[PDB]
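Q: Input run-v4.csv, format and content: CSV, C-alpha atoms.
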chain,number,residue,atom,x,y,z
P,1,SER,CA,-24.9,80.3,-13.5
P,2,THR,CA,-26.7,80.3,-10.1
P,3,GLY,CA,-29.0,78.0,-8.1
P,4,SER,CA,-31.5,78.7,-5.3
P,5,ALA,CA,-33.3,76.0,-3.3
P,6,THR,CA,-35.5,76.1,-0.2
P,7,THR,CA,-34.3,74.0,2.7
P,8,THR,CA,-36.9,72.8,5.3
P,9,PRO,CA,-36.6,71.5,8.8
P,10,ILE,CA,-37.4,67.7,9.1
P,11,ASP,CA,-39.2,68.1,12.4
P,12,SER,CA,-40.4,70.5,15.0
P,13,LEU,CA,-36.9,70.7,16.7
P,14,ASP,CA,-34.9,71.6,13.5
P,15,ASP,CA,-33.0,68.4,14.0
P,16,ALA,CA,-31.8,68.6,10.4
P,17,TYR,CA,-32.8,70.3,7.1
P,18,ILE,CA,-33.8,68.8,3.7
P,19,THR,CA,-33.4,70.3,0.3
P,20,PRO,CA,-34.9,68.9,-2.9
P,21,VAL,CA,-32.4,67.7,-5.5
P,22,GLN,CA,-33.0,66.5,-9.0
P,23,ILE,CA,-31.0,63.4,-10.0
P,24,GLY,CA,-31.0,61.7,-13.4
P,25,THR,CA,-33.1,61.8,-16.6
P,26,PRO,CA,-36.0,62.1,-16.3
P,27,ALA,CA,-35.5,63.8,-12.9
P,28,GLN,CA,-35.8,61.8,-9.7
P,29,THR,CA,-36.3,64.2,-6.9
P,30,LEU,CA,-34.8,63.2,-3.5
P,31,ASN,CA,-34.7,65.3,-0.3
P,32,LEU,CA,-31.1,65.5,0.8
P,33,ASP,CA,-29.4,66.7,3.9
P,34,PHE,CA,-26.9,69.4,2.8
P,35,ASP,CA,-23.8,68.8,5.0
P,36,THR,CA,-20.9,71.3,5.0
P,37,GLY,CA,-19.1,68.8,7.3
P,38,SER,CA,-18.7,66.0,4.8
P,39,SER,CA,-18.0,65.6,1.1
P,40,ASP,CA,-20.0,62.7,-0.2
P,41,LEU,CA,-23.3,62.9,-2.2
P,42,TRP,CA,-25.0,59.6,-1.3
P,43,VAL,CA,-28.5,58.4,-1.7
P,44,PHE,CA,-30.9,55.7,-0.8
P,45,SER,CA,-31.3,53.7,-3.9
P,46,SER,CA,-32.7,50.6,-5.6
P,47,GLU,CA,-29.5,48.9,-4.4
P,48,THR,CA,-30.1,49.6,-0.7
P,49,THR,CA,-30.7,46.5,1.4
P,50,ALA,CA,-34.5,46.3,1.5
P,51,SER,CA,-34.7,45.8,5.2
P,52,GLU,CA,-32.8,49.1,5.7
P,53,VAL,CA,-35.3,51.2,3.7
P,54,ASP,CA,-38.3,52.6,5.6
P,55,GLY,CA,-40.2,55.3,3.8
P,56,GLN,CA,-37.3,57.1,2.0
P,57,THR,CA,-37.5,58.0,-1.7
P,58,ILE,CA,-34.9,56.0,-3.7
P,59,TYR,CA,-32.7,56.8,-6.7
P,60,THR,CA,-33.1,54.1,-9.3
P,61,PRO,CA,-30.1,54.4,-11.7
P,62,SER,CA,-31.5,51.9,-14.2
P,63,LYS,CA,-34.4,54.4,-14.8
P,64,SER,CA,-32.0,57.2,-15.6
P,65,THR,CA,-30.8,57.5,-19.2
P,66,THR,CA,-27.9,59.6,-18.1
P,67,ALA,CA,-26.7,57.3,-15.3
P,68,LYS,CA,-23.4,55.5,-15.8
P,69,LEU,CA,-21.7,53.1,-13.4
P,70,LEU,CA,-18.4,54.4,-12.2
P,71,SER,CA,-16.6,51.1,-12.7
P,72,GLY,CA,-14.8,49.7,-9.7
P,73,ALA,CA,-15.6,52.6,-7.4
P,74,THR,CA,-16.9,52.1,-3.9
P,75,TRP,CA,-17.5,54.4,-0.9
P,76,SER,CA,-17.8,54.0,2.9
P,77,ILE,CA,-18.4,56.8,5.4
P,78,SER,CA,-18.7,57.1,9.1
P,79,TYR,CA,-20.1,60.3,10.7
P,80,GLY,CA,-19.4,61.9,14.1
P,81,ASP,CA,-22.6,60.6,15.6
P,82,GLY,CA,-21.6,57.0,14.9
P,83,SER,CA,-23.8,56.6,11.8
P,84,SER,CA,-22.5,55.2,8.6
P,85,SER,CA,-23.3,54.1,5.0
P,86,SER,CA,-21.5,52.5,2.0
P,87,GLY,CA,-22.0,51.4,-1.5
P,88,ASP,CA,-21.0,51.9,-5.1
P,89,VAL,CA,-21.0,54.9,-7.5
P,90,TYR,CA,-22.8,56.2,-10.5
P,91,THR,CA,-22.2,59.4,-12.4
P,92,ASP,CA,-25.4,61.3,-13.4
P,93,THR,CA,-26.9,64.8,-13.9
P,94,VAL,CA,-27.7,66.5,-10.6
P,95,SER,CA,-29.5,69.8,-10.3
P,96,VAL,CA,-30.1,72.0,-7.2
P,97,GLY,CA,-32.4,74.9,-7.4
P,98,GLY,CA,-32.0,75.2,-11.2
P,99,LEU,CA,-28.2,74.8,-11.2
P,100,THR,CA,-27.1,71.7,-13.1
P,101,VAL,CA,-23.9,69.6,-12.9
P,102,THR,CA,-23.3,66.8,-15.4
P,103,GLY,CA,-21.1,63.9,-14.4
P,104,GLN,CA,-21.7,64.3,-10.7
P,105,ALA,CA,-20.6,61.3,-8.6
P,106,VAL,CA,-23.9,59.9,-7.1
P,107,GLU,CA,-22.9,57.4,-4.4
P,108,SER,CA,-25.5,54.7,-4.2
P,109,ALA,CA,-26.0,53.1,-0.8
P,110,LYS,CA,-26.0,49.4,-0.5
P,111,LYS,CA,-26.0,49.6,3.3
P,112,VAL,CA,-27.0,52.3,5.8
P,113,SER,CA,-26.9,52.3,9.6
P,114,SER,CA,-30.0,52.2,11.7
P,115,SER,CA,-30.3,56.0,12.3
P,116,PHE,CA,-30.6,56.6,8.6
P,117,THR,CA,-33.2,53.9,8.1
P,118,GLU,CA,-35.2,55.3,11.1
P,119,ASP,CA,-35.3,58.7,9.5
P,120,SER,CA,-37.9,58.5,6.7
P,121,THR,CA,-37.5,62.2,5.8
P,122,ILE,CA,-33.8,62.1,4.7
P,123,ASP,CA,-33.2,60.4,1.4
P,124,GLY,CA,-29.4,61.0,1.5
P,125,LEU,CA,-26.7,63.6,2.1
P,126,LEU,CA,-25.1,66.2,-0.2
P,127,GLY,CA,-21.6,67.0,1.1
P,128,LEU,CA,-20.3,70.5,0.9
P,129,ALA,CA,-17.0,70.3,2.7
P,130,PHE,CA,-13.8,70.1,0.7
P,131,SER,CA,-13.4,67.3,-1.8
P,132,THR,CA,-10.2,66.0,0.0
P,133,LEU,CA,-12.7,64.3,2.4
P,134,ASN,CA,-14.6,62.4,-0.2
P,135,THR,CA,-14.5,58.7,0.5
P,136,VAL,CA,-14.8,57.3,-3.0
P,137,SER,CA,-12.0,54.7,-3.8
P,138,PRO,CA,-9.8,54.2,-5.7
P,139,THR,CA,-10.5,57.6,-7.4
P,140,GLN,CA,-11.7,60.3,-5.1
P,141,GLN,CA,-14.6,62.3,-6.4
P,142,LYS,CA,-15.5,66.0,-6.3
P,143,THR,CA,-18.5,67.6,-4.4
P,144,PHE,CA,-21.4,69.2,-6.2
P,145,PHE,CA,-20.0,72.6,-5.3
P,146,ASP,CA,-16.6,71.8,-6.6
P,147,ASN,CA,-18.0,70.6,-9.9
P,148,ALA,CA,-20.3,73.6,-10.2
P,149,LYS,CA,-17.7,76.2,-9.2
P,150,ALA,CA,-16.3,77.1,-12.6
P,151,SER,CA,-19.7,77.8,-14.0
P,152,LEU,CA,-21.0,79.8,-11.1
P,153,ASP,CA,-21.2,83.6,-11.3
P,154,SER,CA,-19.2,83.8,-8.1
P,155,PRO,CA,-17.5,80.8,-6.5
P,156,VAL,CA,-19.7,80.8,-3.3
P,157,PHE,CA,-22.7,79.2,-1.7
P,158,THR,CA,-24.7,80.5,1.2
P,159,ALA,CA,-26.6,78.9,4.0
P,160,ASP,CA,-29.7,80.7,5.4
P,161,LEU,CA,-31.2,78.2,7.8
P,162,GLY,CA,-34.5,79.0,9.4
P,163,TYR,CA,-35.6,78.7,13.1
P,164,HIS,CA,-38.7,76.5,13.0
P,165,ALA,CA,-39.2,77.7,9.4
P,166,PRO,CA,-37.9,77.1,5.9
P,167,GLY,CA,-34.7,78.8,4.7
P,168,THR,CA,-32.5,78.8,1.6
P,169,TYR,CA,-29.3,77.5,0.0
P,170,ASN,CA,-28.0,79.7,-2.8
P,171,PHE,CA,-25.2,78.8,-5.2
P,172,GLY,CA,-23.2,81.4,-7.1
P,173,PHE,CA,-24.5,84.6,-5.6
P,174,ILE,CA,-25.0,86.5,-2.4
P,175,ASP,CA,-28.6,87.7,-1.9
P,176,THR,CA,-28.1,91.1,-0.4
P,177,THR,CA,-31.7,91.2,0.8
P,178,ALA,CA,-31.3,88.1,3.0
P,179,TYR,CA,-29.3,89.7,5.8
P,180,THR,CA,-29.0,92.9,7.8
P,181,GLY,CA,-25.9,95.0,8.2
P,182,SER,CA,-22.6,93.8,6.7
P,183,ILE,CA,-21.0,90.4,6.2
P,184,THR,CA,-17.9,89.8,8.2
P,185,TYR,CA,-15.4,87.5,6.6
P,186,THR,CA,-12.9,85.3,8.5
P,187,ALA,CA,-10.1,83.0,7.5
P,188,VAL,CA,-10.6,79.3,6.8
P,189,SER,CA,-8.1,76.5,7.2
P,190,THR,CA,-8.7,73.6,4.8
P,191,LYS,CA,-6.1,71.4,6.4
P,192,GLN,CA,-8.6,69.0,7.9
P,193,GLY,CA,-11.0,69.2,4.9
P,194,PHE,CA,-13.6,71.3,6.8
P,195,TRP,CA,-14.8,74.9,6.8
P,196,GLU,CA,-12.6,75.4,9.8
P,197,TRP,CA,-12.3,78.9,11.3
P,198,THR,CA,-11.5,80.7,14.6
P,199,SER,CA,-14.2,82.5,16.5
P,200,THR,CA,-13.0,85.5,18.5
P,201,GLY,CA,-15.0,84.7,21.7
P,202,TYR,CA,-18.3,84.5,23.4
P,203,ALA,CA,-20.8,86.0,25.8
P,204,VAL,CA,-23.6,84.5,27.8
P,205,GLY,CA,-26.9,86.4,27.9
P,206,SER,CA,-26.3,90.1,28.7
P,207,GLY,CA,-22.9,89.3,30.1
P,208,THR,CA,-19.5,90.8,29.1
P,209,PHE,CA,-17.8,89.4,26.0
P,210,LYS,CA,-14.9,87.1,26.7
P,211,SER,CA,-12.2,87.4,24.0
P,212,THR,CA,-10.8,84.0,23.4
P,213,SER,CA,-9.9,82.0,20.2
P,214,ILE,CA,-12.2,79.1,19.5
P,215,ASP,CA,-11.2,77.0,16.5
P,216,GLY,CA,-14.1,75.1,15.0
P,217,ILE,CA,-16.0,74.0,11.9
P,218,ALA,CA,-19.1,75.4,10.2
P,219,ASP,CA,-21.2,72.3,9.9
P,220,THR,CA,-24.8,72.3,8.6
P,221,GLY,CA,-25.0,68.6,9.1
P,222,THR,CA,-24.6,68.8,12.9
P,223,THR,CA,-27.7,69.9,14.9
P,224,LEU,CA,-26.1,71.4,18.0
P,225,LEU,CA,-23.4,73.8,19.0
P,226,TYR,CA,-20.4,71.9,20.5
P,227,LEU,CA,-17.9,74.1,22.3
P,228,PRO,CA,-15.1,73.7,24.9
P,229,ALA,CA,-16.1,72.5,28.4
P,230,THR,CA,-15.2,75.8,30.0
P,231,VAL,CA,-17.5,77.8,27.6
P,232,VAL,CA,-20.4,75.3,28.0
P,233,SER,CA,-20.1,75.3,31.8
P,234,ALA,CA,-20.2,79.1,31.8
P,235,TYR,CA,-23.4,79.1,29.7
P,236,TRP,CA,-25.3,76.4,31.7
P,237,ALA,CA,-24.3,78.0,35.0
P,238,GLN,CA,-26.7,80.8,34.2
P,239,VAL,CA,-29.7,78.4,34.0
P,240,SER,CA,-31.2,77.4,37.3
P,241,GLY,CA,-31.3,73.6,37.7
P,242,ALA,CA,-29.2,72.9,34.6
P,243,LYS,CA,-26.7,70.0,34.9
P,244,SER,CA,-24.6,67.6,32.9
P,245,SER,CA,-26.2,64.2,32.8
P,246,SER,CA,-24.0,61.2,31.9
P,247,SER,CA,-27.2,59.1,31.6
P,248,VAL,CA,-28.8,61.4,29.1
P,249,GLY,CA,-25.5,62.3,27.4
P,250,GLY,CA,-25.2,66.0,28.0
P,251,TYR,CA,-26.5,69.1,29.6
P,252,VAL,CA,-30.2,69.1,30.5
P,253,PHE,CA,-32.3,71.8,32.1
P,254,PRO,CA,-35.8,72.3,33.5
P,255,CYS,CA,-38.3,72.7,30.7
P,256,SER,CA,-39.8,75.6,32.8
P,257,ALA,CA,-36.6,77.7,32.3
P,258,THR,CA,-36.2,80.7,30.1
P,259,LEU,CA,-32.8,80.3,28.4
P,260,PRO,CA,-30.2,83.1,28.0
P,261,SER,CA,-28.9,84.0,24.5
P,262,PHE,CA,-25.4,83.0,23.5
P,263,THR,CA,-23.2,85.3,21.4
P,264,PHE,CA,-20.2,84.2,19.4
P,265,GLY,CA,-17.5,86.4,17.8
P,266,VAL,CA,-16.7,86.7,14.1
P,267,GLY,CA,-13.7,89.0,14.0
P,268,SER,CA,-15.0,92.2,15.6
P,269,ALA,CA,-18.6,91.3,14.8
P,270,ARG,CA,-21.1,89.4,17.0
P,271,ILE,CA,-23.7,86.8,16.2
P,272,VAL,CA,-26.5,86.4,18.8
P,273,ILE,CA,-28.2,83.0,19.2
P,274,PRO,CA,-31.5,83.6,20.9
P,275,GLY,CA,-32.2,81.5,24.0
P,276,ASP,CA,-35.1,79.8,22.4
P,277,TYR,CA,-32.8,78.3,19.7
P,278,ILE,CA,-31.0,76.4,22.5
P,279,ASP,CA,-34.1,74.5,23.7
P,280,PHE,CA,-34.3,71.0,22.2
P,281,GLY,CA,-37.3,70.0,24.2
P,282,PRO,CA,-38.1,67.1,26.5
P,283,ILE,CA,-35.4,64.3,26.7
P,284,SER,CA,-38.3,61.8,26.3
P,285,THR,CA,-41.9,62.3,25.5
P,286,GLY,CA,-43.7,64.0,28.4
P,287,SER,CA,-40.5,64.7,30.5
P,288,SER,CA,-40.0,68.0,32.2
P,289,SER,CA,-36.2,67.7,31.6
P,290,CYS,CA,-35.2,69.4,28.4
P,291,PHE,CA,-32.1,68.8,26.3
P,292,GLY,CA,-29.6,71.7,25.8
P,293,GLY,CA,-28.6,73.0,22.4
P,294,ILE,CA,-25.1,73.9,23.5
P,295,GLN,CA,-23.0,70.9,24.5
P,296,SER,CA,-19.3,70.1,25.3
P,297,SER,CA,-17.0,69.2,22.5
P,298,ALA,CA,-14.6,67.5,24.9
P,299,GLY,CA,-13.8,64.1,23.5
P,300,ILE,CA,-15.2,65.0,20.0
P,301,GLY,CA,-11.8,66.4,19.3
P,302,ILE,CA,-13.2,69.5,17.5
P,303,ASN,CA,-15.5,72.4,18.2
P,304,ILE,CA,-18.6,72.3,15.9
P,305,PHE,CA,-20.7,75.4,14.9
P,306,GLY,CA,-23.7,73.3,14.0
P,307,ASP,CA,-27.3,74.4,13.0
P,308,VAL,CA,-28.0,76.0,16.4
P,309,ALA,CA,-25.3,78.6,15.6
P,310,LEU,CA,-25.5,78.8,11.9
P,311,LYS,CA,-29.3,79.4,11.8
P,312,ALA,CA,-28.7,82.6,13.7
P,313,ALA,CA,-26.8,83.9,10.7
P,314,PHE,CA,-26.6,84.3,7.0
P,315,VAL,CA,-23.5,82.3,6.2
P,316,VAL,CA,-21.2,82.7,3.1
P,317,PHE,CA,-19.1,79.7,2.1
P,318,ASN,CA,-16.5,81.4,-0.1
P,319,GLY,CA,-14.8,78.8,-2.3
P,320,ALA,CA,-12.4,81.2,-4.0
P,321,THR,CA,-8.7,80.1,-4.4
P,322,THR,CA,-8.2,81.2,-0.8
P,323,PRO,CA,-11.5,80.1,0.9
P,324,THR,CA,-13.1,82.2,3.6
P,325,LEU,CA,-16.3,82.2,5.7
P,326,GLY,CA,-18.7,85.2,6.0
P,327,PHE,CA,-21.3,85.7,8.7
P,328,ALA,CA,-24.0,88.3,8.9
P,329,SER,CA,-27.0,88.9,11.2
P,330,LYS,CA,-30.4,88.5,9.7
Rewrite the structure from the file as structure tokens, please.

A:
Amino acid sequence: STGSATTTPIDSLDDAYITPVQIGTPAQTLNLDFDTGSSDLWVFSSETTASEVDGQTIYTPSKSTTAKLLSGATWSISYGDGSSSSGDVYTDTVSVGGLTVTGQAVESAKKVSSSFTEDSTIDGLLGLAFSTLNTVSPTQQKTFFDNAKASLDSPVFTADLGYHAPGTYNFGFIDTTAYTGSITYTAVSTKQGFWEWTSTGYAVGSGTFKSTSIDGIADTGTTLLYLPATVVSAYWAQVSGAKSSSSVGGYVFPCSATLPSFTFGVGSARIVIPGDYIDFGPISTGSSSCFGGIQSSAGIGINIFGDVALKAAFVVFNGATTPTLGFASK
């Protein structure tokens, strides 16, 4: 089997991407944030505290003939940005782009933090990291990808995120028309439950490439590119007027600037992030100070290849017995 679904930016800055997902019988379609940095499929639901729902589409398990309470199971998750959610668990039929999994754990939110409530466009998350990170207790549950894997033509999914435009998540096949040149594969460590890999270095604009190992995670659920302070300082030093602002919470730059590109290494290959991808616009409405798309990972504890980086590539998440990550230009 295979699946193919279009993923769409939630706003004009590509802050996140939503992908329609069919849950239950008859289908209830919710728009989920596919997150390769976590491993829970959770949804706004009929059980979500009413004051914490503001415009989201909800899953109502009582209206699904295939929903079954997973007795005794609870979940609770906290994300890197300080947001969180928790609730109980149903199993139900879940389909993405024509690919169907029966008995998928659908984690129903009883509580969500303010950032989720305030984002009317995201009806939940679909985790695509390794199932060892799944938060269901007392019986850990498998991700949609893990459940689908055996049925897939090939044990892979691909992320093809757009810049200010729709893109695609595919399951079970590599669309050879979706990228240019060849795909370069690189080793993955699953030790922390993430798609964790080591970039071979970077360049700023037309500058020379610096060979240096940068361990980090491929994370579709994080907006920006978080890298070591040394790397980030070297980037922003090439932008007149750029500075790190503790009050704003990162590097800002004059909105009048033209940003240089940023290149990262994948083995001997190179992925180029155009400068425009690094512009996240005014810090507040009408400001001439703009927020940078490359920020320091110092005190996150991990480097994060978020959407800023991933949307510059066609990315293969290879879930074979020995997992790997592939990157191509597009």

Q: Could you give me, as a PDB file with C-alpha atoms, keeping the file's coordinate frame, the residues within 8 Å of residue 112 in chain P, counting all atoms listed in the file and dropping anything in the same chain fewer than 2 positions from it?

A:
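To be explicit, this is the file written out as out.pdb:
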ATOM      1  CA  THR P  48     -30.100  49.600  -0.700  1.00  0.00           C
ATOM      2  CA  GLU P  52     -32.800  49.100   5.700  1.00  0.00           C
ATOM      3  CA  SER P  84     -22.500  55.200   8.600  1.00  0.00           C
ATOM      4  CA  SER P  85     -23.300  54.100   5.000  1.00  0.00           C
ATOM      5  CA  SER P  86     -21.500  52.500   2.000  1.00  0.00           C
ATOM      6  CA  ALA P 109     -26.000  53.100  -0.800  1.00  0.00           C
ATOM      7  CA  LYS P 110     -26.000  49.400  -0.500  1.00  0.00           C
ATOM      8  CA  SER P 114     -30.000  52.200  11.700  1.00  0.00           C
ATOM      9  CA  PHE P 116     -30.600  56.600   8.600  1.00  0.00           C
ATOM     10  CA  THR P 117     -33.200  53.900   8.100  1.00  0.00           C
TER      11      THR P 117
END

Q: Closest to residue 302 in chain P among P:241, P:265, P:192, P:234, using only C-alpha atoms?

A: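 Comparing P:241, P:265, P:192, P:234 against residue 302 in chain P, the winner is P:192.
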
Q: For residue 248 in chain P, list every protein, DNA or RNA residue within 12 Å, evaluated using all atoms listed in the file, and leave out those in the same chain fewer than 5 positions away; present the list as an MDAnalysis selection string.

A: chainID P and resid 243 253 282:284 289:292

Q: Neighbours of residue 274 in chain P within 8 Å (all atoms listed in the file; same-chain residues fewer than 5 positions away dropped), as number ranges by chain?

A: P: 260-262, 312

Q: Can you list, as number ranges by chain, every protein, DNA or RNA residue that comes within 6 Å of residue 155 in chain P when you count only C-alpha atoms, leaving out same-chain residues fewer than 6 positions away?

A: P: 149, 172, 319-320

Q: Suppose we keep C-alpha atoms; can you now write the selection as a tab-separated table (two decimals), in the frame of the given file?

A:
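Listed below is the output, part-v2.tsv:
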chain	number	residue	atom	x	y	z
P	149	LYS	CA	-17.70	76.20	-9.20
P	172	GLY	CA	-23.20	81.40	-7.10
P	319	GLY	CA	-14.80	78.80	-2.30
P	320	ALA	CA	-12.40	81.20	-4.00

Q: Have a look at P:240, P:8, P:295, P:135 and name the one nearest to residue 73 in chain P; count only C-alpha atoms.

A: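 Closest residue, counting only C-alpha atoms: P:135.
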
Q: Do you have the CA of residue 103 in chain P-CA of residue 193 in chain P distance handy?

A: 22.4 Å

Q: Show me the residues close to (-32.7, 56.9, -7.2) - anything with an atom within 8 Å, counting only C-alpha atoms - and format the list as a ChimeraX atom specification.

A: /P:23,28,30,43-46,57-61

Q: Could you name the residues that touch residue 98 in chain P at 10 Å or less, counting only C-alpha atoms, but leaving out those on the same chain fewer than 6 positions away, as an MDAnalysis selection string?

A: chainID P and resid 1:5 21:22 171

Q: Restricting the calculation to all atoms listed in the file, which member of P:87, P:143, P:96, P:62 is positioned closest to residue 41 in chain P?

A: P:143

Q: Of the residues P:200, P:100, P:83, P:56, which is the one nearest to residue 147 in chain P, using all atoms listed in the file?

A: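 Among P:200, P:100, P:83, P:56, it is P:100 that comes nearest to residue 147 in chain P.
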
Q: Out of P:39, P:321, P:190, P:177, which residue has the shortest atom-to-atom distance to residue 141 in chain P when counting only C-alpha atoms?

A: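 Ranking P:39, P:321, P:190, P:177 by distance to residue 141 in chain P, first place goes to P:39.
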
Q: Between P:203, P:53, P:259, P:128, single out the one closest to residue 169 in chain P, counting all atoms listed in the file.

A: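 Looking only at the distances to residue 169 in chain P, the closest residue turns out to be P:128.
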
Q: Find the distance between CA of residue 127 in chain P and CA of residue 145 in chain P and write it in Å to one decimal.

A: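 Separating CA of residue 127 in chain P from CA of residue 145 in chain P is a distance of 8.7 Å.
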
Q: Would you compute the distance between CA of residue 54 in chain P and CA of residue 94 in chain P? Give it in Å to one decimal.

A: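 Computing it gives 23.8 Å between the two atoms.
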
Q: Box time for range 173-178 of chain P: axis-aligned, enclosing all its listed atoms, 5 Å extra on each side; report centre and edge lengths in Å to one decimal, as AutoDock Vina command-line options.

A:
--center_x -28.1 --center_y 87.9 --center_z -1.3 --size_x 17.2 --size_y 16.6 --size_z 18.6
